> 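Below: one structure in structure tokens.
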Amino acid sequence: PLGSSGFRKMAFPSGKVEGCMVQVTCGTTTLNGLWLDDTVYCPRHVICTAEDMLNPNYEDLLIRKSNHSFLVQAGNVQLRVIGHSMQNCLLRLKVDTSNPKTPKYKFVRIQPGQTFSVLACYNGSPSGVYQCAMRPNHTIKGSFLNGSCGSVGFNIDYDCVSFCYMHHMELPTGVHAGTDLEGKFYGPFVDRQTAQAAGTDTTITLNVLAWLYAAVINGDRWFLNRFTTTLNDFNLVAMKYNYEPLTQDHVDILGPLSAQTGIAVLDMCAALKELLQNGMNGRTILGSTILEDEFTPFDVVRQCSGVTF
Amino acid sequence: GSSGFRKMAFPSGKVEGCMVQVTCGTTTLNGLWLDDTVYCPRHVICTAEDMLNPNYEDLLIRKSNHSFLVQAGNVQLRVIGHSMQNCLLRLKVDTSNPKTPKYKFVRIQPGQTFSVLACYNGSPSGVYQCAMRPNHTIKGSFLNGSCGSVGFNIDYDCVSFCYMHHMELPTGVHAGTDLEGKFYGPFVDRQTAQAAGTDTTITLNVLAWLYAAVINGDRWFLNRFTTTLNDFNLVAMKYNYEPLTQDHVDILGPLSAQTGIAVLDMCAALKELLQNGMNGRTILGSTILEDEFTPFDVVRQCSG
Ligand SMILES: */C(=C\C(=O)OCC)[C@H](C[C@@H]1CCNC1=O)NC(=O)[C@H](CC(C)C)NC(=O)[C@@H](NC(=O)[C@H](C)NC(=O)c1cc(C)on1)C(C)C
Ligand SMILES: */C(=C\C(=O)OCC)[C@H](C[C@@H]1CCNC1=O)NC(=O)[C@H](CC(C)C)NC(=O)[C@@H](NC(=O)[C@H](C)NC(=O)c1cc(C)on1)C(C)C
């Protein structure tokens, strides 16, 4: 139906979020802010200077700031800050103007394995959009340059924009860490430039299974077989390839796709099982040579059914 | 430090504000509303009996302005004029689109990349980045109901529209036109057996991608060898790779200067990768050589 091409890593239309991006400057430190109604949300380290990043005392640094300390700009117009407060690792700046482009929205905390669209921004101006998955080790493999902090991650659930991520930093392994819109970090990371490392990461088995279902839905079904497996037996095999242990909850999440295809989850696991033990023998799935793990069951239904927003 | 590397598309907001629904007879597809004009695939005027050998000249003359129903959300836009330009229809409406961004129509070259905003019934579904294949086809992800969807690039505040979706080839790839209605490739808008020319891997892009990996801190695939442009091509063509020209190398100049790796030396590395494979290793997380990133996309994502 979609073509013989292969699954495209599609991001949600970003228009509604672009309408919320602004630039926030505190002294010489400039980054991005999220403007919703009369509040601008941004990383608290915006109040930090060059040497204030090793181990900043945010509480004491903020005390020395007044509403006039923050320069907020939407396009070429200044947005007057009339109040400020810190919430975990975010700053909440009250402005005298409610964003006319505020979309229906909500803040949600994403869970490991789930995906979202990232709108990379610089100087309050959206530069690009791509799909990311919250890795099992609580980091995301994004693409960010200096000045990108404040950029946000989101999903669109029907007619509502669900914000789930705000960018704060990069780890030595070249991966990224951030918080939800309540300023709470995903993972054990802290917003300071100290020695911090992401734990060992694993392949999101739930997503790989969802991707195989997408392949079947698209007509790529050569890898399917006549057998089934137990969760226990599948996990013994999968964990050799550093795959996340599959749980009964993951099985259930795959329910809609299992129904659409009539293929029981454990039956698909048996297929995945053989793929890991015998490889693809040169063949491809959805035009791919490897097993994609950044497409959730929801992303599959979204792309295969043509859901609009 | 490393920036990371993703196949990112341009933000789609400026294009989302231009999408509308266009209906004629019982066929509904997407249209692009700019100022007081709506652009859409001319096959919207076809009936199930006109799919094989349609004469659009003859089909269109039998239409009037009221034969077209244009809708922006739940509001009807009155068509006050219509005309065909190559494979597109240009419908003049009685009201201007206030969301029209600064824009221009460009016909891109094979190998260049662009963002696609997949739409259905005039509503946005998703956005993704892709490359115009050397054979002019697009390896996209489209379901029926998606014609009228457009491809584009954004430079600052200006949207350069370069593609509008029209069809899918037997092989599963897609074909379309520029915003002047001229098809990319030897294709026509009718349901006849049509085949795309042989495709090739976009060599310039693979090289740009290797440079991306290097600026990002990965250098495992490099070697102490070098090669001539001619010797590289003799090997590359064996793997169905586009021949590399002196123009392509000059284009890689900036990336070459920034990394300290001579273009011909990078070609020597690519030469080794093609002949010996990746031995189970990965580059920028990929196990295959990626060709959907132009040299411009790399400098843009890796260095503003
Ligand atoms: C956003 C800041 C911004 O936009 O500021 C505008 C003035 C960045 C994003 C960063 C840019 C490069 N890619 C990105 O994603 N954040 C940022 O710079 C943070 C700010 C602090 C206050 C949280 N700093 C970092 O991300 C920093 N990371 C670290 O220091 C990290 C915790 N540790 C190590 O790198 C480390 C190495 C070793 C051997 O031990 N620890 C990087 C270096 C900038
Ligand atoms: C978009 C139109 C739309 O949205 O209409 C809604 C009412 C489609 C997009 C298409 C659907 C599936 N994937 C897609 O990308 N276009 C469209 O239907 C065209 C319309 C014609 C009038 C240009 N038709 C096709 O794309 C059609 N392709 C072909 O017929 C192809 C050129 N030839 C063959 O496939 C073939 C011919 C022979 C003898 O053997 N094979 C597809 C198949 C619908």
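Worth knowing before you read on, the calculation uses all heavy atoms, side chains too, and leaves out hydrogens, waters and symmetry mates. Letters A, B, ... are given to chains in the order of the sequence lines, protein chains preceding strands, and every chain is numbered from 1.
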> At what distance, to the nearest 0.5 angstrom, does CG of B:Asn153 lie from OG of B:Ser115?
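Atom-to-atom, B:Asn153:CG and B:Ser115:OG are 6.5 Å apart.
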> Provide the closest heavy-atom pair for B:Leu60 versus B:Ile45 in the form atom of the first, atom of the second, distance.
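In this case the closest contact between B:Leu60 and B:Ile45 is N-CD1, 3.7 Å.
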> Step through it carefully: locate the ring centre of B:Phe105, locate the ring centre of B:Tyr39, and say whether they are under 6.0 Å apart.
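Ring centroids of B:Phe105 and B:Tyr39 are less than 6.0 Å from each other.
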> Can you list the steps and then say if A:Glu294 with A:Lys9 is a salt bridge (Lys or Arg N to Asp or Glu O under 4.0 Å)?
CA-CA 8 Å; A:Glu294 300 222 327; A:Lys9 290 189 180 63; over 6 Å; no
> What closest approach, in Å, do B:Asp35 and B:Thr100 show between heavy atoms, and which atom pair accounts for it?
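Heavy-atom minimum between the residues: N-OG1, 2.8 Å.
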> Compile the donor-acceptor pairs under 3.5 Å between side chains in residues 140-149 of chain A and protein atoms, sequence neighbours left out, one pair per line.
unit_1, atom_1, unit_2, atom_2, d
A:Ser143, OG, B:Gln301, NE2, 2.5
A:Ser148, OG, A:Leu145, O, 2.7

> Can you list the residues that meet the ring pair (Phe, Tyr, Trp, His ring centres under 6.0 Å) rule with B:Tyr128, with sequence neighbours excluded?
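Scan of B:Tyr128 (ring pair (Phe, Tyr, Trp, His ring centres under 6.0 Å), adjacent residues dropped) gives none.
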> State, to 0.1 Å, how close B:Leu169 and B:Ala196 come at their nearest heavy-atom pair, and which atoms those are.
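Distance-wise, the nearest heavy atoms are CD2-CB, 3.6 Å.
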> Please determine whether a side-chain nitrogen of the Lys or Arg among B:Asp291 and B:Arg133 lies less than 4.0 Å from a carboxylate oxygen of the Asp or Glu.
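Looking at B:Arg133 together with B:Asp291, the answer is yes, because their closest N to O distance falls below 4.0 Å.
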> Report the residues that fulfil ring pair (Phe, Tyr, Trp, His ring centres under 6.0 Å) with A:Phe154, sequence neighbours left out, ordered by chain and then residue number.
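Result, ring pair (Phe, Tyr, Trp, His ring centres under 6.0 Å) vs A:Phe154: none returned.
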> Could you measure the distance from the SG atom of A:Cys42 to the CG atom of A:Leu31? Nearest 0.5 Å is fine.
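It is 5.5 Å, given to the nearest 0.5 Å.
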> Check the pair A:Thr39, A:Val95 against side-chain contact (heavy atoms from CB on, under 4.5 Å), reporting the backbone distance first and the verdict last.
CA-CA 6 Å; A:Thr39 302; A:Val95 292; over 6 Å; no
> Suppose we screen for side chain to side chain donor-acceptor pair (under 3.5 Å). Which residues come up paired with B:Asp58, at least two apart in sequence or across chains?
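Partners of B:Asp58 by the side chain to side chain donor-acceptor pair (under 3.5 Å) criterion, ordered by chain and then number, come out as B:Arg62.
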> State plainly whether the residues B:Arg107 and B:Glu180 are in salt-bridge range, i.e. N to O under 4.0 Å.
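Looking at B:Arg107 and B:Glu180, the cut-off is not met.
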> Strictly distance-based, threshold 3.5 Å: is any side-chain N or O of A:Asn67 a donor or acceptor partner for the main-chain N or O of A:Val81?
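Answer holds: no.
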> Who are the side-chain contact (heavy atoms from CB on, under 4.5 Å) partners of B:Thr113, not counting sequence neighbours?
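With neighbours one apart ignored, the set is B:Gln129, B:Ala131, B:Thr294, B:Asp297.
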> Roughly how far, to the nearest 0.5 Å, is the NE2 atom of B:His82 from the OG atom of B:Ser67?
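Those atoms lie 7.0 Å apart.
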> Does NZ belonging to B:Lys182 count more than 12 external heavy atoms closer than 6.0 Å?
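No, NZ of B:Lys182 has 12 or fewer neighbouring heavy atoms, counting only those of other groups under 6.0 Å.
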> Taking only residues two or more places apart in sequence, or in another chain, which ones meet B:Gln76 in a side-chain contact (heavy atoms from CB on, under 4.5 Å)?
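Once residues adjacent in sequence are excluded, the partners of B:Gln76 under the side-chain contact (heavy atoms from CB on, under 4.5 Å) criterion are B:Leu69.
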